[PDB]
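Enquirer: Would you mind keeping the following structure in view while I ask a few things?
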Amino acid sequence: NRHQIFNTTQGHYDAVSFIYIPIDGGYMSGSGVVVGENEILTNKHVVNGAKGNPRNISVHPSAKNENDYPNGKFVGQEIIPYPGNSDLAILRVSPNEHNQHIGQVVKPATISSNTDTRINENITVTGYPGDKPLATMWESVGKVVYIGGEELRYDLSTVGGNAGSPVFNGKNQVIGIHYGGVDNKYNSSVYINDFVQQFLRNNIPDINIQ
């Protein structure tokens, strides 16, 4: 089942972040997770449409609802796509209006080495589902179903559009980034394997992998 998170600044929820991009009086919304001093991990397809101007992307770490942004807003500055064919991107944001960096106002997430990740492992997927009220954070309890290459799949536990949402193991470490799935079969995330970890290390000097 899925449940809303109201204590969005406590513990490992602090780094979970709401991503908002306006489009012609509508918008695109998604999720990501703070992983560095100025860096959000998310999907390529969340930020793709703003490659021409990252400043159109608003990031609200620890957002609670559309009227409650406990850690304010950070504006996109640079997008660093993962070079492989996985739906993964680093979004670098500028400091906020008080000159704070996003990695100072939230504790950046811990990335799992994934040495112990296995089928049937209990996981959570936490972020901003597209079928819920705007900017509300939700946690879904799931089970890993497949691990191969850069793909981690888990059971039909999340719905509504969960692009960019971090997948956490039981130690509250990020093992992957939700991007999609196959309808009525499984959900899919970018698996943070050895290849993905090196990409993070190359771009995020203060990355925390445990």
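Numbering starts fresh at 1 for the residues of each chain in the structure tokens, the chains themselves are lettered A, B, ... in the order given, and ligands are numbered from 1 as they appear.
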Using only C-alpha atoms, determine which residues lie at most 10 Å from segment 64-74 of chain A, disregarding the query and same-chain residues fewer than 5 positions distant; provide the list as a PyMOL selection string.

Expert: chain A and resi 4-9+14+17-19+38+55+57-59+92-97+100-102+105-106+128+133-138

Enquirer: Selected residues, N, CA and C atoms, written as an mmCIF file, in the first residue's frame, please.

Expert:
data_model
loop_
_atom_site.group_PDB
_atom_site.id
_atom_site.type_symbol
_atom_site.label_atom_id
_atom_site.label_comp_id
_atom_site.auth_asym_id
_atom_site.auth_seq_id
_atom_site.Cartn_x
_atom_site.Cartn_y
_atom_site.Cartn_z
ATOM 1 N N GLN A 4 0.843 8.694 2.634
ATOM 2 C CA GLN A 4 1.440 10.014 2.531
ATOM 3 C C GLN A 4 2.454 10.236 3.649
ATOM 4 N N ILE A 5 3.528 10.941 3.323
ATOM 5 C CA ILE A 5 4.530 11.351 4.301
ATOM 6 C C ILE A 5 4.244 12.794 4.682
ATOM 7 N N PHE A 6 4.006 13.044 5.972
ATOM 8 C CA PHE A 6 3.817 14.411 6.447
ATOM 9 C C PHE A 6 5.056 14.974 7.123
ATOM 10 N N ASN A 7 5.878 14.114 7.710
ATOM 11 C CA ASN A 7 7.141 14.524 8.313
ATOM 12 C C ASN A 7 8.247 14.542 7.251
ATOM 13 N N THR A 8 8.096 15.437 6.267
ATOM 14 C CA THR A 8 8.951 15.369 5.080
ATOM 15 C C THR A 8 10.394 15.820 5.313
ATOM 16 N N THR A 9 10.710 16.483 6.427
ATOM 17 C CA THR A 9 12.084 16.919 6.657
ATOM 18 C C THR A 9 12.865 15.987 7.569
ATOM 19 N N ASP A 14 14.070 13.706 3.948
ATOM 20 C CA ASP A 14 14.505 15.083 3.729
ATOM 21 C C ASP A 14 15.011 15.293 2.304
ATOM 22 N N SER A 17 12.618 14.962 -3.264
ATOM 23 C CA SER A 17 12.428 16.314 -3.787
ATOM 24 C C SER A 17 11.382 16.363 -4.893
ATOM 25 N N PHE A 18 10.602 17.444 -4.907
ATOM 26 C CA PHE A 18 9.531 17.648 -5.872
ATOM 27 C C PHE A 18 10.066 18.520 -7.003
ATOM 28 N N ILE A 19 9.814 18.119 -8.249
ATOM 29 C CA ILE A 19 10.350 18.820 -9.407
ATOM 30 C C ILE A 19 9.186 19.339 -10.237
ATOM 31 N N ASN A 38 25.010 20.331 -4.574
ATOM 32 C CA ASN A 38 24.172 21.079 -5.503
ATOM 33 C C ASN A 38 23.420 20.154 -6.453
ATOM 34 N N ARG A 55 16.899 26.743 -15.898
ATOM 35 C CA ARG A 55 16.308 27.693 -14.957
ATOM 36 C C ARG A 55 14.787 27.604 -14.898
ATOM 37 N N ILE A 57 13.289 24.815 -14.352
ATOM 38 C CA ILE A 57 13.014 23.718 -13.431
ATOM 39 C C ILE A 57 13.098 24.251 -12.008
ATOM 40 N N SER A 58 12.014 24.091 -11.254
ATOM 41 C CA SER A 58 11.982 24.383 -9.824
ATOM 42 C C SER A 58 12.068 23.073 -9.058
ATOM 43 N N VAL A 59 12.983 23.008 -8.098
ATOM 44 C CA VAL A 59 13.128 21.854 -7.220
ATOM 45 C C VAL A 59 12.738 22.277 -5.814
ATOM 46 N N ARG A 92 21.856 19.672 -11.566
ATOM 47 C CA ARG A 92 22.558 20.596 -10.683
ATOM 48 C C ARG A 92 21.724 21.863 -10.555
ATOM 49 N N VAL A 93 21.539 22.334 -9.308
ATOM 50 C CA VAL A 93 20.753 23.525 -9.001
ATOM 51 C C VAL A 93 21.674 24.599 -8.437
ATOM 52 N N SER A 94 21.274 25.848 -8.610
ATOM 53 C CA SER A 94 22.012 26.955 -8.028
ATOM 54 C C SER A 94 21.618 27.100 -6.561
ATOM 55 N N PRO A 95 22.370 27.874 -5.786
ATOM 56 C CA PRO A 95 21.958 28.123 -4.401
ATOM 57 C C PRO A 95 20.640 28.883 -4.355
ATOM 58 N N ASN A 96 20.009 28.879 -3.183
ATOM 59 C CA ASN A 96 18.719 29.547 -3.055
ATOM 60 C C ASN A 96 18.937 31.045 -2.863
ATOM 61 N N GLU A 97 17.863 31.762 -2.534
ATOM 62 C CA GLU A 97 17.946 33.215 -2.435
ATOM 63 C C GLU A 97 18.757 33.660 -1.221
ATOM 64 N N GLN A 100 22.101 29.606 0.287
ATOM 65 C CA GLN A 100 22.323 28.254 0.772
ATOM 66 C C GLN A 100 22.283 27.270 -0.386
ATOM 67 N N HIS A 101 23.102 26.235 -0.287
ATOM 68 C CA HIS A 101 23.086 25.162 -1.265
ATOM 69 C C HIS A 101 22.149 24.058 -0.794
ATOM 70 N N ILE A 102 21.574 23.327 -1.759
ATOM 71 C CA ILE A 102 20.522 22.366 -1.416
ATOM 72 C C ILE A 102 21.075 21.269 -0.512
ATOM 73 N N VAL A 105 20.791 22.398 3.228
ATOM 74 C CA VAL A 105 19.503 22.477 3.908
ATOM 75 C C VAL A 105 18.825 21.119 4.035
ATOM 76 N N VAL A 106 19.273 20.110 3.290
ATOM 77 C CA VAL A 106 18.863 18.737 3.546
ATOM 78 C C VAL A 106 20.117 17.888 3.658
ATOM 79 N N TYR A 128 6.729 11.822 -5.451
ATOM 80 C CA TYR A 128 5.576 12.688 -5.715
ATOM 81 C C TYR A 128 4.764 12.068 -6.842
ATOM 82 N N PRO A 133 -2.384 14.740 -4.922
ATOM 83 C CA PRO A 133 -2.393 16.208 -4.958
ATOM 84 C C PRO A 133 -0.984 16.747 -5.120
ATOM 85 N N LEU A 134 -0.885 17.870 -5.826
ATOM 86 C CA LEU A 134 0.411 18.375 -6.262
ATOM 87 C C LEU A 134 1.363 18.580 -5.086
ATOM 88 N N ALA A 135 2.607 18.129 -5.255
ATOM 89 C CA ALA A 135 3.668 18.305 -4.269
ATOM 90 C C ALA A 135 3.417 17.562 -2.959
ATOM 91 N N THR A 136 2.612 16.500 -2.942
ATOM 92 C CA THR A 136 2.521 15.683 -1.734
ATOM 93 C C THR A 136 3.412 14.456 -1.884
ATOM 94 N N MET A 137 4.095 14.102 -0.802
ATOM 95 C CA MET A 137 5.065 13.014 -0.830
ATOM 96 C C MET A 137 4.404 11.744 -0.365
ATOM 97 N N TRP A 138 4.680 10.636 -1.051
ATOM 98 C CA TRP A 138 4.078 9.351 -0.737
ATOM 99 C C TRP A 138 5.147 8.264 -0.712
#

Enquirer: Counting only C-alpha atoms, what is within 9 Å of segment 139-151 of chain A, bar same-chain residues fewer than 2 positions away, as number ranges by chain?

Expert: A: 1-5, 85-86, 117-128, 137, 153-158, 176, 186-193, 195-196

Enquirer: Could you write out, as a PyMOL selection string, all the residues of segment 9-144 of chain A that DSSP marks as helix (DSSP H, G or I)?

Expert: chain A and resi 11-13+44-50+54-56+102-105

Enquirer: Could the residues in this selection be saved with C-alpha atoms as an mmCIF file, in the first residue's frame?

Expert:
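As written to disk, again.cif reads:
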data_model
loop_
_atom_site.group_PDB
_atom_site.id
_atom_site.type_symbol
_atom_site.label_atom_id
_atom_site.label_comp_id
_atom_site.auth_asym_id
_atom_site.auth_seq_id
_atom_site.Cartn_x
_atom_site.Cartn_y
_atom_site.Cartn_z
ATOM 1 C CA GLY A 11 15.287 11.229 8.376
ATOM 2 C CA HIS A 12 15.735 9.882 4.865
ATOM 3 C CA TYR A 13 12.634 11.754 3.601
ATOM 4 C CA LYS A 44 16.343 12.207 -18.117
ATOM 5 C CA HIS A 45 12.711 12.419 -19.192
ATOM 6 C CA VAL A 46 11.750 14.597 -16.225
ATOM 7 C CA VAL A 47 14.247 17.349 -17.127
ATOM 8 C CA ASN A 48 14.712 16.638 -20.872
ATOM 9 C CA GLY A 49 12.232 19.268 -22.027
ATOM 10 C CA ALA A 50 14.186 21.968 -20.170
ATOM 11 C CA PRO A 54 17.448 24.503 -16.723
ATOM 12 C CA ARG A 55 16.308 27.693 -14.957
ATOM 13 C CA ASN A 56 12.711 26.699 -15.804
ATOM 14 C CA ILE A 102 20.522 22.366 -1.416
ATOM 15 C CA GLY A 103 22.970 19.897 0.136
ATOM 16 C CA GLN A 104 23.231 22.200 3.166
ATOM 17 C CA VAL A 105 19.503 22.477 3.908
#

Enquirer: What are the DSSP strand (DSSP E or B) residues of chain A, as an MDAnalysis selection string?

Expert: chainID A and resid 2:5 16:23 26:36 39:42 58:61 65 68 74:81 89:93 111 122:127 137:148 151:154 166:168 174:182 186:191 209

Enquirer: Find the residues of segment 37-73 of chain A that sit at most 12 Å from segment 199-205 of chain A; for each, write down the nearest two atoms and how far apart they are in Å, to one decimal. Count only C-alpha atoms. Sort by chain, then by number going up, and give it as CSV.

Expert:
residue,atom,partner,partner_atom,distance
A:37,CA,A:204,CA,8.1
A:38,CA,A:204,CA,8.6
A:39,CA,A:204,CA,7.4
A:40,CA,A:204,CA,10.1
A:41,CA,A:200,CA,9.2

Enquirer: Hey, can you check how far atom CA of residue 180 of chain A sits from atom CA of residue 33 of chain A?

Expert: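 Straight-line distance from atom CA of residue 180 of chain A to atom CA of residue 33 of chain A works out to 16.4 Å.
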
Enquirer: Suppose you want the space between atom CA of residue 25 of chain A and atom CA of residue 160 of chain A; what is it in Å?

Expert: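 Atom CA of residue 160 of chain A lies 21.2 Å from atom CA of residue 25 of chain A.
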
Enquirer: So which one's closest to residue 20 of chain A, A:152, A:177, A:109, A:75? Using only C-alpha atoms, please.

Expert: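 Ranking A:152, A:177, A:109, A:75 by distance to residue 20 of chain A, first place goes to A:75.
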
Enquirer: Let me make sure I understand: among A:62, A:197, A:210, A:77, which one has the smallest atom-to-atom distance to residue 107 of chain A if we use only C-alpha atoms?

Expert: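 Looking at the shortest contact to residue 107 of chain A, the residue is A:62.
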